[PDB]
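Single-structure report; data block below.
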Amino acid sequence: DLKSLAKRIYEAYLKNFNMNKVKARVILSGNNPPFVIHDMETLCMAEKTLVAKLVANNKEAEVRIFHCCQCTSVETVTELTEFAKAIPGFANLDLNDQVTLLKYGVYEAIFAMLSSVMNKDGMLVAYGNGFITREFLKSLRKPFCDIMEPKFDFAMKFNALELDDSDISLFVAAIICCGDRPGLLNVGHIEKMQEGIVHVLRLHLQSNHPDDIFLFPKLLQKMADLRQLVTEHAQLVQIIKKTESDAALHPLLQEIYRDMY
Amino acid sequence: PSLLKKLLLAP
Ligand SMILES: CCCCCCCCCCCCCCCC(=O)O
């Protein structure tokens, strides 16, 4: 039955995320090849082909890029909500606790999964059809050059763990089903659900990664690292909100960030 | 009726 929980979570992940690690690696290995964005000329070219509606009329390049960042996050929140609804037991939680778990978990899950589309030189964007370089993102004017580099730093060490989609699906489920989120109504029930998922994760890692006896505590630490990564990201987004008047924040993301940390 | 709750309720 524990194998069944792991399989059901893996299947829910493959169904609900447009990108998975196998799909990303096929693209990054070299139909629909990714357009490389490494400078302003190629950003503008990519925009006209991949987000044409955005530039059909323009705001600084950094602000257009941040808009695309937010649009990606909004889409991934939808994918995570559907994934969560398919996590065995999640739908038996109080509806308001479901909202709370998503509120506090989506950006931890976003940055964990972002690692799957990152390598040391850049990342896949726009449903796998663009590859934006890490150096180009670092080249943007402040504060926008500060968004992605900590996420690359997290991803390089996370990717060195050589997890596959069967591991990552359980890891993301564990992120979502966290009993210590603020404001939960049924802490005990969520703690027991989490314990079940974490139990399956521990056993799955033991079987799938027999070479690394520390892999489970490494991943527990990555969960903690992601919390700090999100707090820091929320702080930067707040700097953007107050100082970059042209950088409209999407209302769903505003709701997630509100009263968070 | 929040936006997140509306996502959760989507069929
Ligand atoms: C056409 C080029 C657009 C590419 C722009 C980069 C998209 C990267 C996606 C990563 C999103 C990082 C999240 C930051 C915004 C947020 O707080 O939700």
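Please read every residue number as a count from 1 along the shown chain.
Cβ coordinates are placed from backbone N, Cα and C, and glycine is handled just like the others.
Features of the protein shown, as given by Swiss-Prot:
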type	residues	note
BINDING	A:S73, A:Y107, A:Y257	indeglitazar binding site
REGION	A:97-226	region 'Required for heterodimerization with RXRA'
SITE	A:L226	site 'Essential for heterodimerization with RXRA'
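Structure with Swiss-Prot features highlighted.
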residue : record                                            : Cβ neighbours (10 Å)
A:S73   : indeglitazar binding site                         : 18
A:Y107  : indeglitazar binding site                         : 26
A:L226  : site 'Essential for heterodimerization with RXRA' : 22
A:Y257  : indeglitazar binding site                         : 18
Interval bridged by 3 absent residues [Cα of A:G30 to Cα of A:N31, Å]: 10
Sorted by sequence, non-A:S73, A:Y107, A:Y257 residues with Cβ within 8 Å of centre, indeglitazar: A:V77, A:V106, A:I110, A:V230, A:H233, A:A234, A:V237, A:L253, A:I256
Residues among the recorded positions A:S73, A:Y107, A:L226, A:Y257 that border ligand 1 - Cβ under 6 angstroms, in sequence order: A:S73
From A:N57 to A:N58, where 3 residues lack coordinates, the CA-CA distance in Å: 7
Candidate nearest A:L226 (site 'Essential for heterodimerization with RXRA') in space, where candidates are the binding-site residues A:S73, A:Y107, A:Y257 and distance is Cα-Cα: A:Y107
Secondary structure content of the region 'Required for heterodimerization with RXRA' (A:97-226), with strand meaning DSSP E or B: 87 helix, 10 strand, 33 coil
